[PDB]
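K.L.:
I have a structure I would like to understand better, so I am pasting it below and will then ask my questions one at a time.
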Amino acid sequence: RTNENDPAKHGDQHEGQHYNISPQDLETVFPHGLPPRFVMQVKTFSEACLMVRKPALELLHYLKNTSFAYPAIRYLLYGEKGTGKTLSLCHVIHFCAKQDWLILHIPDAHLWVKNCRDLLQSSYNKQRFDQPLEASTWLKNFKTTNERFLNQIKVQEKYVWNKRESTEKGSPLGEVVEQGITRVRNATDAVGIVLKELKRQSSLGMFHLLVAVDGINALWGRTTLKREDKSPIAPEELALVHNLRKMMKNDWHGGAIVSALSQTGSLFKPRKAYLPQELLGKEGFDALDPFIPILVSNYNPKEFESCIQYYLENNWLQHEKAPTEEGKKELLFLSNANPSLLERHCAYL
RNA sequence: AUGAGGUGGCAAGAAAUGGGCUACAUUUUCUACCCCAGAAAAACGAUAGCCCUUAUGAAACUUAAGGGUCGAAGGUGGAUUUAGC
Ligand SMILES: Nc1ncnc2c1ncn2[C@@H]1O[C@H](COP(=O)(O)OP(=O)(O)OP(=O)(O)O)[C@@H](O)[C@H]1O
Ligand SMILES: Nc1nc2c(ncn2[C@@H]2O[C@H](COP(=O)(O)OP(=O)(O)O)[C@@H](O)[C@H]2O)c(=O)[nH]1
Ligand SMILES: [Mg+2]
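Taking the entry's author numbering, the leading residue of the first sequence gets 50, the next gets one more, and so forth.
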């Protein structure tokens, strides 16, 4: 196999080859966001070989040819269910992290808009709501991912947490992040502050921010959360959602924004719906317009053959008839070269 | 008048019994979806009780639907017994 960890080597000629994430990179760059099925696959194989695909290569080429002076260009990976949008976004995230960018990764925007029973009224803004658990978990993950720049960045304004507690201007962003992580009740606010800070620092040229949000359509969709009066809650009424909406605006420069659509886990969306407009909604498409959509599709014959060979070399296909050409054709037909269906099918052979 | 007509009224539970529904959950519950999800998990569980509204009606206390409230018995059940090629 092409067991390669260098992100500056793989290119169009490496389409179909493999790209290895080292265990240190797996632990640091990806404390979250990796699909659970691939998390299990990594934990079993003891490897993190991502197949290099054309959409990921195109996104990498665009990010290499971009200029940070320009306002943040929005890229949107989209495709059919289980085509590899999340893992393409993860590949781009890892490449950018190795490029010493600052990775602002959202593992799943759907989690913040569904199944939350610890919602509280926001002290900073009585018209909004706070999700302490989600914010605390994301703050921990963000501190893990971007530790090296966490202390270097200086905050630009003084922020207050209580009548007694406040964060002074010029303090490290690590102070705010650790305040959010430890003091869970304020964590949501800290999240917004961090985002705000990052944005202006991106404008200041302090670093090269890469905003990575999976399931971006959840920002402008619908939330299943309810009020204390059993009333539905609009997405903008959540502080985290509003802050992420502000971050999605292209009114800042110093990097680029990369998002991945995901009907899986979305609310009030038909199963077969995958197109950008249908998943995003009119408001979502208007907010994201303009953007560059990148289509992620099923494996080609070369990619499917490479995946099958990778499974065989790891002895995952334990069935006796799997190495035969007939078994390969059966798997290709029953999966239609779809990466998720193929992996799920091979998980029990 | 053992005929005819009008007004009003029963119909409850000590209790046993037959049949049915819902369940006693994790192959489950909630939500989206209508099958690649996220949560819940000592909660699961009433179509019961009480209150309110609505529908029908001349009339609802006695009907039905919905909502609020309550969250109980129950934790896969003896001999026996039903049905299905
Ligand atoms: N480049 C790749 N190399 C190896 N496996 C891949 C690749 N892309 C996708 N997969 C497989 O796809 C599955 C996960 O799919 P993924 O989450 O990336 O796609 P998706 O369409 O964005 O998903 P979802 O709609 O659920 O958000 C895993 O089983 C993983 O092995
Ligand atoms: N607790 C606290 N939170 C802050 C402070 N400053 C900013 N924030 C957070 O950062 C966000 C501020 O966004 P802001 O720039 O005011 O956007 P706007 O509300 O639309 O004007 C809010 O969601 C707060 O949670 C502060 O001084 N204290
Ligand atoms: Mg009588």
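Every residue, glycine too, gets a C-beta built ideally from N, C-alpha and C.
Could you say if the region 118 to 125 and the region 298 to 307 meet the contact criterion of at least three C-beta pairs nearer than 8 Å?
P.N.:
A contact exists between the region 118 to 125 and the region 298 to 307.
K.L.:
Using only the alpha-carbon positions, how far apart do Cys356 and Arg166 sit?
P.N.:
Cα-Cα distance, rounded: 41 Å.
K.L.:
Could you compute how far the alpha carbon of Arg276 sits from the alpha carbon of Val345?
P.N.:
Going from the Cα of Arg276 to the Cα of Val345 covers about 38 Å.
K.L.:
In or out: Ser71 buried (at least 16 other Cβ within 10 Å) or exposed?
P.N.:
Exposed, because fewer than 16 other Cβ atoms sit within 10 Å of the Cβ of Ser71.
K.L.:
Across which residues does DSSP place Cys98 in a beta bridge pair?
P.N.:
Looking at the DSSP assignment, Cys98 forms a beta bridge with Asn69.
K.L.:
Starting from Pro342, trace the alpha helix (DSSP H) both ways and give me its first and last residue.
P.N.:
From DSSP, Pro342 is part of no alpha helix (DSSP H) but of the beta strand (DSSP E) over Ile341 to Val345.
K.L.:
When every heavy atom of ligand 1 is checked, does at least one fall within less than 8 Å of the C-beta of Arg393?
P.N.:
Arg393: yes, Cβ under 8 Å from ligand 1.
K.L.:
Between the region 280 to 287 and the region 243 to 251, can you find at least three pairs of beta-carbon atoms closer than 8 Å?
P.N.:
Output reads no: the region 280 to 287 does not touch the region 243 to 251.
K.L.:
Verify the contact flag: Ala288, CB atom, against every heavy atom of ligand 5, threshold strictly below 8 Å.
P.N.:
The model on display carries ligand 1, ligand 2 and ligand 3 but not ligand 5.
K.L.:
Classify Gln90 as helix, strand or coil using the three-state DSSP reduction.
P.N.:
Looking at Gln90 - three-state DSSP - the assignment turns out to be helix.
K.L.:
By a C-beta neighbour count over all protein chains shown, 10 Å radius and 16 as the cutoff for buried, is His59 buried or exposed?
P.N.:
Classification of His59: buried, given that the 10 Å Cβ count is 16 or more.
K.L.:
Whose CA, out of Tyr360, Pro372, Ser280 and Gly376, lies closest to the CA of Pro388?
P.N.:
For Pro388, the nearest C-alpha among the options comes from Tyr360.
K.L.:
Could you tell me which residues DSSP puts in a beta bridge with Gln170?
P.N.:
Paired residue(s): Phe178.
K.L.:
Closest to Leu168 by CA distance: which of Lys175, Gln180 and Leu366 is it?
P.N.:
Checked all of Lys175, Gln180 and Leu366; the closest Cα to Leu168 is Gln180.
K.L.:
Is the beta carbon of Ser171 less than 9 Å from the beta carbon of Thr273?
P.N.:
In this structure, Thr273 does not lie closer than 9 Å to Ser171 by Cβ.
K.L.:
Does the distance from the CB of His140 to the CB of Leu99 come in under 9 Å?
P.N.:
In contact: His140 and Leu99 (Cβ atoms closer than 9 Å).
K.L.:
Can you give the Cα-Cα distance for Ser95 and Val204, rounded to whole angstroms?
P.N.:
For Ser95 and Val204, the distance between alpha carbons rounds to 39 Å.
K.L.:
Can you have a look at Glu369 and say buried or exposed, based on whether 16 or more other CB atoms are within 10 angstroms of its CB?
P.N.:
Label assigned to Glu369: exposed.
K.L.:
Is the region 173 to 190 touching the region 322 to 334 in the sense that three or more CB pairs, one from each, lie closer than 8 Å?
P.N.:
No, the region 322 to 334 does not touch the region 173 to 190.
K.L.:
Just how far apart, CA to CA, sit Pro350 and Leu381?
P.N.:
Straight-line Cα distance between these residues: approximately 9 Å.
K.L.:
Go through its chain and collect everything with a Cβ distance to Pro104's Cβ below 6 Å, but skip five positions before and after it.
P.N.:
Excluding residues within five positions, the ones whose Cβ falls inside 6 Å are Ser137, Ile343 and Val345.
K.L.:
Measuring straight from C-alpha to C-alpha, what distance separates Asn235 and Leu391?
P.N.:
Computed Cα separation, rounded: 43 Å.
K.L.:
Of the residues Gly82, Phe334 and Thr77, which one's Cα is nearest the Cα of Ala261?
P.N.:
Of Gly82, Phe334 and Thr77, the residue nearest in Cα terms is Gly82.
K.L.:
Heavy atom of ligand 2 less than 8 Å from the Cβ of residue 466, yes or no?
P.N.:
Residue 466 cannot be examined here, being either before or after the span of the chain that is shown, 50 to 398.
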